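The structure appears right after this line, and notes come after that.
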Number of protein chains: 4
Amino acid sequence: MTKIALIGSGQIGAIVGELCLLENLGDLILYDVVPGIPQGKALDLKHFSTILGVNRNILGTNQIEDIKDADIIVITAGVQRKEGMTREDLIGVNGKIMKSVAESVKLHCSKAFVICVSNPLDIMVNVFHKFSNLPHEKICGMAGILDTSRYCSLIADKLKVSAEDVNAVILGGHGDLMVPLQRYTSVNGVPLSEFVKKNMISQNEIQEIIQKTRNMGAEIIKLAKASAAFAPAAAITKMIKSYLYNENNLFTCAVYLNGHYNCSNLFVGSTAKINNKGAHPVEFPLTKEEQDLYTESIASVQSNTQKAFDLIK
Amino acid sequence: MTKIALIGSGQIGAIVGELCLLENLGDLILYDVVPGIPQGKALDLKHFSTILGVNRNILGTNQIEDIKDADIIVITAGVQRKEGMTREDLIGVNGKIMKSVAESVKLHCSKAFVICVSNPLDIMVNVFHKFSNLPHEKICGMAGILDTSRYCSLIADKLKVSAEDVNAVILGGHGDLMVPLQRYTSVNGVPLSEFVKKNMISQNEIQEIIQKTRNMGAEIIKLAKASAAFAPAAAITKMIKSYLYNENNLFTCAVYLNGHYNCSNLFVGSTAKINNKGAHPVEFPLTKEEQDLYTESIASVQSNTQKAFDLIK
Amino acid sequence: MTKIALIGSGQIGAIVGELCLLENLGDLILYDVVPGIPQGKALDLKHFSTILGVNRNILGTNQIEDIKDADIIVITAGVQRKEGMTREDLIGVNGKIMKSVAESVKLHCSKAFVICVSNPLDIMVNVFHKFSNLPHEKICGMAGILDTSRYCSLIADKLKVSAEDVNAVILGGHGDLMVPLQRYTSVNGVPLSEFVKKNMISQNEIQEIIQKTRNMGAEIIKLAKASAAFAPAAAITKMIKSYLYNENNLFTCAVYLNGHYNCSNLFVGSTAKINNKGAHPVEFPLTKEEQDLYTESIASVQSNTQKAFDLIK
Amino acid sequence: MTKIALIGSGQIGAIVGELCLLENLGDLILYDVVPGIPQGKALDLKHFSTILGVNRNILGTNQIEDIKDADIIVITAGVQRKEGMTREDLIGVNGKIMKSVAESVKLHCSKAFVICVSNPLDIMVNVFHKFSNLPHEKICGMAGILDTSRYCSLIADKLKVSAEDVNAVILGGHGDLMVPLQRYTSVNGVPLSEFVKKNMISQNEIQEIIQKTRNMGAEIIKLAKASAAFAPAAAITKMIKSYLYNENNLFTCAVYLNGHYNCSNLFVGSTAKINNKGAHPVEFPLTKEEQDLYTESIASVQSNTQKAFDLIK
């Protein structure tokens, strides 16, 4: 009975649709502006479903009114960046697209939970909130689960441990101003600081890893000639799951801050829980230095958001 | 310990890599000729693995010698057809690529099981056997599972039943001369003929379905502007699973015929079992009319396979 | 002292090299990507040169840096079309190869005059310009002279006259949208219209001839099982000769239009003079109907050129 | 009015046709067994002719009766050798083809002058003579001009001189047993021995050059992946020109020996004159050691000719 609407049928959207089918999360509605594309991917997904013994319904469509009564909305519509570009270079063209999608969600399914993925991520979440007229808890963006996966992955490789239970908090905008928190990094519970004391990893090695984490999105673009699609989709699917199954998992994602971390009235990457009712920020006690870094990331997001609202007229 | 080598890091390869990681089938070796592309898709797949709690090793490489000691080899290297083209139009350019891959497999990992996917499928399997010097049971091509999934999917939709236990045999080349067998179609055990007698489906509706099955590959190209990727990858994975886990499953795939179905010395789509030791054809009793249709399909594959050998000089 | 560089040592390239030797136009540099092939053709051309008393230098090579200081560059690198394909089907694969050649010319001999021949012709000239960073007058493609030779050859046969002094103008893309101009067709000075008045040829016979001219490239592929090689080489050589000897001959060839024939910023088949300084378009007064046809051909070339730029990412 | 018939429309045939058109030697009849091929090349050659201002008639045909009243016949029909093969490996298949062509010439144009080019060359000239029923002076083969070109070309390179007036005699079969004669090698008149005395070239360098001349045919095959086409065609054209124009030039070619060089009743590579009346051998005074080498070459050609006649039943 659950309806999952993918607004954008590109790489990310299709794989999200594929992952949703694998766990039987819901019926799919594959929407795109370009005719034929969602219908074709829907056909390929049905044949996939038939081989793997999944039976959920899959509808490829160019009529955005088919998004009606979606329980979940994943928004990937928009352009992606190429080599040499920053995420922020998409601000002009994607803001306009995000506004249009916001206006459509507003009239067709105002009760949905909305996961935004168009870049630049934090900014585009703010745009969606402005024109959608949905409650702020019902809107979020994925990024932090992606950036955390890259940072944990690298930490795991340097410590010669499984990535499976390397956990971390990354605060701030999905960009060059991310703030990975060493204090809030653990390896199956054990703080990262223990592994520095045991000489298994050095402060310099960690700064190196933080740098690779920041650039990773660009590095994949450079190597693969396309932007990361599998990891983003997995992250998204994890956030859909936490909503549908009322799991109340504690992630980083772009969420409405409201007095938390000295910030108010802005969607930005932060610690949050996701459950039945949406995405709910949680404030943890930062050090002065940590908070100072975070606030600096928050300032860019503020600026670039305003820039976006301006460029939309 | 199992090594799975994906020769070709395009759409199909990457998704196959994805599905192998989801079931922990083995460590991945992502190979492509184009520099950077495998390394980037490996990075994205690592991050995907970290988020889903899979821990297998993933290596993106341009050095084909990294394929050494692969247990499994999936070949997608080659060009894909565009709108208006037939699969057979690729014969010239893909034959040459398949030969080169054959030669590399020959010197680097002669003990592997080899699933060919490059088009036109049956033809390219015959090229790979010629220049690879591997036993014929250790080589096959995936197609029948994809064509079957399409046909069964359509049968299921018309009968208002789950596709989950709709099974069927499609013989012949992956092309316009497929031979779907009504007699060998069942719905959780019940032959298709019972549903015609019960007036739940008509002989004309079935012929319509057979036509859509034949043209499906082209239809997806037309709609999606790219060829099918998810369903092919799922089919491939199913054949990998049947080899690794010695399952002895009965599929249709491009296999070496040797006195079966009045055919010898040719890889062509047929009923086969896959296990530990490779792909083994099985002959079932066809009617005169069925065999005639099958022989006709076999003839095209014969011709076009000769053409492919000729055009390689 | 003149250096002629043949980028591509297939049929066309070799014959061009053979014709250049016959007229002592210059030293040859025979380049190809495939090892051994240019070296072997260079050997054969040396022996040919020894028998016919020509003494120019011939170098066969796989090192593209040997192209340095070439005065002339002929580009035939790329794939040729088979039976049932259009020239436009090669867009994907040849665009990439053309870009790579462009980049090489850019760093190794930026002062050369460049004759492009890879199909689809007009499109590939535009690709070369884009990535080569040469002046537009220093770049052209051969086509018109070939299409004109066909059309004139057929006119001559129907009129029972020597083809030697039948001249004509064909405008537009090297493809189905060619625009042969009856008004600009003469037999040793006498307009074609005089032969219609004298009943030596009819308007219908002319439309038939225009059709055969359009399909000629395909008809040869069908009959000979390979694309035309001698006539393309002779056309090329004639454009080389007009550059080297500052002849200022008036041909049709793919040339940079810049306000001519209501068209700007595109290489397309048009009336042009070749001399010391390159290829220079010349506008002649067309009727409304003629111009309409020409603009229609220009539109395809526009579209397909965009398509080509798009498919290169 | 002169009719030149090319029996075989492959590489060599077509280039011969092209060179004959360039010097206006005659109307062409392009014959091949394979339908469509000669018709297509004939179209290409007509368009070539139109661009270069040549007006001779060009007929592509599959009806061998069109060879009637040819003044000249060039025979390239047959298979060529690939890498690793010797010329002598074609003995079986080409002998039979040659016989068939002999039988056709016999009934359709018994007054022609016949230049054989199919390999192995000398052997196949003996076959043509046996079944054609033409006078022996009317039949020859080209080889010695090709081998002489290669040898003179390498001599010229080593001496840093123009190849233009380096002349030489090579006697014997077109194969490993050629006998290049140093004594009959001159550089614009000056014997090669004067350049050894002046230390400009050494006896070892000359033996090296003689080896490369022998293997040259195979070396081009290896490098170009096809057998030499341009130089052969030029050599052929030269013999055609010496017959048509009654030049009485002194070449080496496969000619009927009749007491010359202790050899009788065999076509083998030797010094000959070509004029209006055909190919006429000429005996020069050899040393013992020269004649011994030449006799040894003549013995292989004997053996292999007998072998060819035997294999024809």
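Identifiers for the structure tokens are assigned positionally: chains receive A, B, ... in sequence, residues are indexed from 1 per chain, and ligands are indexed from 1 in the order shown.
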Any idea which chain A residues end up within 8 Å of chain B if we count only C-alpha atoms, as a count of residues only please?
-> 43
Extract, using only C-alpha atoms, all DNA, RNA and protein residues at most 10 Å from residue 108 in chain D, discarding same-chain residues fewer than 3 positions from it, and format them as an NGL selection string.
-> :D and (64-70 or 103-105 or 111-112)
How would the residues just picked look written out with C-alpha atoms as a compact mmCIF listing (two decimals), in the first residue's frame?
```
# COMPACT_ATOMS: atom_id res chain seq x y z
CA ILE D 64 33.42 -13.27 -68.06
CA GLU D 65 32.32 -13.13 -71.68
CA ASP D 66 32.71 -9.33 -71.42
CA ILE D 67 36.44 -10.02 -71.59
CA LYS D 68 36.01 -10.52 -75.42
CA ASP D 69 38.51 -8.70 -77.59
CA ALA D 70 40.53 -7.48 -74.65
CA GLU D 103 39.86 -21.85 -70.02
CA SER D 104 37.84 -18.69 -70.19
CA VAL D 105 40.58 -16.69 -71.89
CA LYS D 111 44.69 -12.77 -79.04
CA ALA D 112 45.33 -10.94 -75.74
```
DSSP-assigned helix (DSSP H, G or I) members of range 165-249 of chain D, reported as a ChimeraX atom specification | /D:192-197,203-224,230-244
Surrounding residues of range 291-298 of chain B excluding itself and chain neighbours under 2 positions, 7 Å, only C-alpha atoms, as a count of residues only | 14
Close residues, residue 260 in chain D itself excluded, 8 Å, only C-alpha atoms, min 5 positions apart in chain, as a PyMOL selection string = chain D and resi 281-283
So which bits of range 65-307 of chain D end up strand (DSSP E) when you DSSP the backbone, as a VMD selection string?
-> chain D and resid 72 to 75 113 to 116 139 to 141 166 to 171 179 to 187 190 to 191 249 to 260 263 to 275 278 to 281
Give me the residues near residue 253 in chain B as a tab-separated table (two decimals) with N, CA, C and O atoms, in the first residue's frame, where near means some atom within 6 Å (using only C-alpha atoms) and where sequence neighbours in that chain fewer than 3 positions away do not count.
```tsv
chain	number	residue	atom	x	y	z
B	141	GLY	N	26.65	-17.42	-22.23
B	141	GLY	CA	26.16	-16.05	-22.27
B	141	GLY	C	24.78	-15.92	-21.66
B	141	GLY	O	23.95	-16.76	-21.81
B	142	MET	N	24.53	-14.78	-21.02
B	142	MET	CA	23.20	-14.57	-20.45
B	142	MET	C	22.34	-13.89	-21.46
B	142	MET	O	22.75	-12.88	-22.09
B	143	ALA	N	21.17	-14.47	-21.65
B	143	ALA	CA	20.14	-13.87	-22.43
B	143	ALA	C	18.80	-14.43	-22.10
B	143	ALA	O	17.88	-13.64	-21.83
B	144	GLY	N	18.64	-15.71	-22.27
B	144	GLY	CA	17.38	-16.36	-21.98
B	144	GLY	C	16.72	-16.00	-20.66
B	144	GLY	O	15.49	-15.90	-20.58
B	269	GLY	N	21.34	-19.93	-27.49
B	269	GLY	CA	20.38	-19.95	-26.42
B	269	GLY	C	19.64	-21.26	-26.31
B	269	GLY	O	19.03	-21.72	-27.29
B	270	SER	N	19.73	-21.92	-25.13
B	270	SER	CA	19.14	-23.24	-24.94
B	270	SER	C	18.92	-23.53	-23.47
B	270	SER	O	19.48	-22.83	-22.66
```
